[PDB]
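Following: one structure in structure tokens, then a few remarks.
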Amino acid sequence: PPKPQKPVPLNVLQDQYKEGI
Amino acid sequence: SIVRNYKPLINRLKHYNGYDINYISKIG
Amino acid sequence: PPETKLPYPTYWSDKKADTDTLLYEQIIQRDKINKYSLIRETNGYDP
């Protein structure tokens with residue numbers, strides 16, 4: 001169950017993921 | 001999973017000072 | 001994660017106010033305001 005979370009700037013999100021999303 | 005991104009609003013100027021003065025100037 | 005429609009705008013920042021969330025609030029509020037005022041700026045009210 002992936003509960004939603006607060007929004008962050010796009011760059012930090014796609015960088016923390018480190019996988020093509 | 002996919003992320004939902006909201007991209008803010010960037011606009012170009014539509015009117016000059018609330019009006020378009022080219023048409024107003026023609027009719028005037 | 002289905003869509004949830006985001007209840008009242010300051011919903012997020014009422015839980016652990018941060019810089020990014022507050023900037024997000026400001027951005028979305030001013031975007032709504034700008035859109036509505038532009039629509040009324042050129043056209044006007046129903047009457």
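Residues are referred to by chain and number: the chain letter is A, B, ... according to the order shown in the structure tokens, the number counts from 1 in that chain, and ligands are numbered separately from 1 in the order shown.
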May I have the residues within 10 Å of residue 6 of chain B as a count of residues only, using only C-alpha atoms and disregarding those fewer than 5 positions away in the same chain? 5
Chain B residues near chain C (12 Å cut-off, only C-alpha atoms) as a count of residues only: 19
Distance atom CA of residue 18 of chain A-atom CA of residue 4 of chain A, one decimal place? 19.5 Å
Please indicate the distance in Å from atom CA of residue 33 of chain C to atom CA of residue 10 of chain C, rounded to one decimal place.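 Atom-to-atom, atom CA of residue 33 of chain C and atom CA of residue 10 of chain C are spaced 15.2 Å apart.
Interatomic distance, atom CA of residue 12 of chain B against atom CA of residue 24 of chain B: 20.5 Å.
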With DSSP run on the backbone, what are the helix (DSSP H, G or I) residues within chain B? I'd like them as a list in words.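 Reading the DSSP output for chain B, helix (DSSP H, G or I) covers residues 21, 22, 23, 24, 25, 26 and 27 of chain B.
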For the selection you just gave me, I'd like the residues written to a file as a PDB file, in the first residue's frame, keeping N, CA and C atoms.
```pdb
ATOM      1  N   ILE B  21      -4.505  47.512 -28.327  1.00  0.00           N
ATOM      2  CA  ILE B  21      -4.704  48.866 -28.814  1.00  0.00           C
ATOM      3  C   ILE B  21      -4.653  48.962 -30.329  1.00  0.00           C
ATOM      4  N   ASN B  22      -4.276  47.899 -31.031  1.00  0.00           N
ATOM      5  CA  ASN B  22      -4.279  47.962 -32.487  1.00  0.00           C
ATOM      6  C   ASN B  22      -5.701  48.051 -33.026  1.00  0.00           C
ATOM      7  N   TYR B  23      -6.576  47.163 -32.563  1.00  0.00           N
ATOM      8  CA  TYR B  23      -7.969  47.185 -32.988  1.00  0.00           C
ATOM      9  C   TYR B  23      -8.680  48.438 -32.494  1.00  0.00           C
ATOM     10  N   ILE B  24      -8.453  48.799 -31.231  1.00  0.00           N
ATOM     11  CA  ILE B  24      -9.032  50.016 -30.679  1.00  0.00           C
ATOM     12  C   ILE B  24      -8.599  51.221 -31.493  1.00  0.00           C
ATOM     13  N   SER B  25      -7.342  51.242 -31.928  1.00  0.00           N
ATOM     14  CA  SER B  25      -6.843  52.382 -32.681  1.00  0.00           C
ATOM     15  C   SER B  25      -7.444  52.430 -34.077  1.00  0.00           C
ATOM     16  N   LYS B  26      -7.620  51.273 -34.715  1.00  0.00           N
ATOM     17  CA  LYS B  26      -8.338  51.219 -35.988  1.00  0.00           C
ATOM     18  C   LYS B  26      -9.728  51.837 -35.870  1.00  0.00           C
ATOM     19  N   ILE B  27     -10.529  51.313 -34.941  1.00  0.00           N
ATOM     20  CA  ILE B  27     -11.903  51.781 -34.813  1.00  0.00           C
ATOM     21  C   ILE B  27     -11.931  53.246 -34.407  1.00  0.00           C
TER      22      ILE B  27
END
```
May I have the residues of chain C within 12 Å of chain A, counting only C-alpha atoms, written as a PDB file with N, CA, C and O atoms, in the first residue's frame?
```
ATOM      1  N   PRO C   1      -1.665   4.412  -7.399  1.00  0.00           N
ATOM      2  CA  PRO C   1      -2.124   5.499  -6.529  1.00  0.00           C
ATOM      3  C   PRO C   1      -3.188   6.354  -7.204  1.00  0.00           C
ATOM      4  O   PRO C   1      -2.846   7.284  -7.934  1.00  0.00           O
ATOM      5  N   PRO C   2      -4.458   6.039  -6.962  1.00  0.00           N
ATOM      6  CA  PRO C   2      -5.545   6.755  -7.636  1.00  0.00           C
ATOM      7  C   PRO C   2      -5.562   8.233  -7.283  1.00  0.00           C
ATOM      8  O   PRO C   2      -4.974   8.678  -6.296  1.00  0.00           O
ATOM      9  N   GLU C   3      -6.260   9.000  -8.117  1.00  0.00           N
ATOM     10  CA  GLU C   3      -6.360  10.433  -7.897  1.00  0.00           C
ATOM     11  C   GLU C   3      -7.275  10.727  -6.714  1.00  0.00           C
ATOM     12  O   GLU C   3      -8.250  10.015  -6.462  1.00  0.00           O
ATOM     13  N   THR C   4      -6.947  11.789  -5.977  1.00  0.00           N
ATOM     14  CA  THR C   4      -7.613  12.097  -4.721  1.00  0.00           C
ATOM     15  C   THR C   4      -8.190  13.508  -4.675  1.00  0.00           C
ATOM     16  O   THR C   4      -8.930  13.829  -3.738  1.00  0.00           O
ATOM     17  N   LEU C   6      -7.046  16.414  -3.943  1.00  0.00           N
ATOM     18  CA  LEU C   6      -6.397  17.434  -3.118  1.00  0.00           C
ATOM     19  C   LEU C   6      -7.377  18.356  -2.406  1.00  0.00           C
ATOM     20  O   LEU C   6      -7.708  19.427  -2.928  1.00  0.00           O
ATOM     21  N   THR C  10      -4.129  24.446   1.448  1.00  0.00           N
ATOM     22  CA  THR C  10      -3.053  24.351   2.422  1.00  0.00           C
ATOM     23  C   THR C  10      -3.026  23.011   3.136  1.00  0.00           C
ATOM     24  O   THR C  10      -2.523  22.928   4.259  1.00  0.00           O
ATOM     25  N   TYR C  11      -3.591  21.977   2.512  1.00  0.00           N
ATOM     26  CA  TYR C  11      -3.655  20.655   3.124  1.00  0.00           C
ATOM     27  C   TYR C  11      -2.271  20.134   3.475  1.00  0.00           C
ATOM     28  O   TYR C  11      -2.055  19.600   4.566  1.00  0.00           O
ATOM     29  N   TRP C  12      -1.314  20.281   2.560  1.00  0.00           N
ATOM     30  CA  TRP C  12       0.005  19.697   2.770  1.00  0.00           C
ATOM     31  C   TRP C  12       0.765  20.422   3.870  1.00  0.00           C
ATOM     32  O   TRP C  12       1.242  19.799   4.824  1.00  0.00           O
ATOM     33  N   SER C  13       0.893  21.741   3.750  1.00  0.00           N
ATOM     34  CA  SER C  13       1.740  22.512   4.648  1.00  0.00           C
ATOM     35  C   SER C  13       1.235  22.531   6.081  1.00  0.00           C
ATOM     36  O   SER C  13       1.967  22.979   6.967  1.00  0.00           O
ATOM     37  N   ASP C  14       0.011  22.073   6.336  1.00  0.00           N
ATOM     38  CA  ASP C  14      -0.443  21.944   7.713  1.00  0.00           C
ATOM     39  C   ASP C  14       0.204  20.762   8.409  1.00  0.00           C
ATOM     40  O   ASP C  14       0.089  20.635   9.632  1.00  0.00           O
ATOM     41  N   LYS C  15       0.880  19.902   7.658  1.00  0.00           N
ATOM     42  CA  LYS C  15       1.645  18.790   8.203  1.00  0.00           C
ATOM     43  C   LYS C  15       3.102  19.026   7.835  1.00  0.00           C
ATOM     44  O   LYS C  15       3.491  18.813   6.681  1.00  0.00           O
ATOM     45  N   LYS C  16       3.905  19.465   8.801  1.00  0.00           N
ATOM     46  CA  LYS C  16       5.339  19.665   8.602  1.00  0.00           C
ATOM     47  C   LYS C  16       5.610  20.670   7.476  1.00  0.00           C
ATOM     48  O   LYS C  16       6.058  20.330   6.384  1.00  0.00           O
ATOM     49  N   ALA C  17       5.277  21.923   7.770  1.00  0.00           N
ATOM     50  CA  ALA C  17       5.571  23.025   6.859  1.00  0.00           C
ATOM     51  C   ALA C  17       7.045  23.059   6.487  1.00  0.00           C
ATOM     52  O   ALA C  17       7.911  23.191   7.355  1.00  0.00           O
ATOM     53  N   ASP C  18       7.327  22.951   5.191  1.00  0.00           N
ATOM     54  CA  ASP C  18       8.678  23.013   4.653  1.00  0.00           C
ATOM     55  C   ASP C  18       8.746  24.112   3.607  1.00  0.00           C
ATOM     56  O   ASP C  18       7.736  24.716   3.249  1.00  0.00           O
ATOM     57  N   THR C  19       9.952  24.372   3.108  1.00  0.00           N
ATOM     58  CA  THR C  19      10.118  25.416   2.104  1.00  0.00           C
ATOM     59  C   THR C  19       9.494  25.008   0.776  1.00  0.00           C
ATOM     60  O   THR C  19       8.777  25.794   0.142  1.00  0.00           O
ATOM     61  N   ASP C  20       9.753  23.777   0.337  1.00  0.00           N
ATOM     62  CA  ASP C  20       9.253  23.341  -0.962  1.00  0.00           C
ATOM     63  C   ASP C  20       7.733  23.285  -0.991  1.00  0.00           C
ATOM     64  O   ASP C  20       7.108  23.731  -1.959  1.00  0.00           O
ATOM     65  N   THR C  21       7.118  22.735   0.053  1.00  0.00           N
ATOM     66  CA  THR C  21       5.663  22.657   0.074  1.00  0.00           C
ATOM     67  C   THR C  21       5.035  24.045   0.083  1.00  0.00           C
ATOM     68  O   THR C  21       4.039  24.282  -0.603  1.00  0.00           O
ATOM     69  N   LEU C  22       5.605  24.975   0.849  1.00  0.00           N
ATOM     70  CA  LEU C  22       5.060  26.328   0.893  1.00  0.00           C
ATOM     71  C   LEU C  22       5.195  27.019  -0.456  1.00  0.00           C
ATOM     72  O   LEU C  22       4.276  27.724  -0.902  1.00  0.00           O
ATOM     73  N   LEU C  23       6.332  26.831  -1.121  1.00  0.00           N
ATOM     74  CA  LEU C  23       6.476  27.355  -2.472  1.00  0.00           C
ATOM     75  C   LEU C  23       5.439  26.753  -3.413  1.00  0.00           C
ATOM     76  O   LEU C  23       4.868  27.465  -4.248  1.00  0.00           O
ATOM     77  N   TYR C  24       5.167  25.457  -3.275  1.00  0.00           N
ATOM     78  CA  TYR C  24       4.155  24.806  -4.097  1.00  0.00           C
ATOM     79  C   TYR C  24       2.776  25.414  -3.865  1.00  0.00           C
ATOM     80  O   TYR C  24       2.024  25.656  -4.820  1.00  0.00           O
ATOM     81  N   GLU C  25       2.429  25.665  -2.601  1.00  0.00           N
ATOM     82  CA  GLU C  25       1.148  26.288  -2.280  1.00  0.00           C
ATOM     83  C   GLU C  25       1.022  27.639  -2.958  1.00  0.00           C
ATOM     84  O   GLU C  25       0.016  27.938  -3.617  1.00  0.00           O
TER      85      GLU C  25
END
```
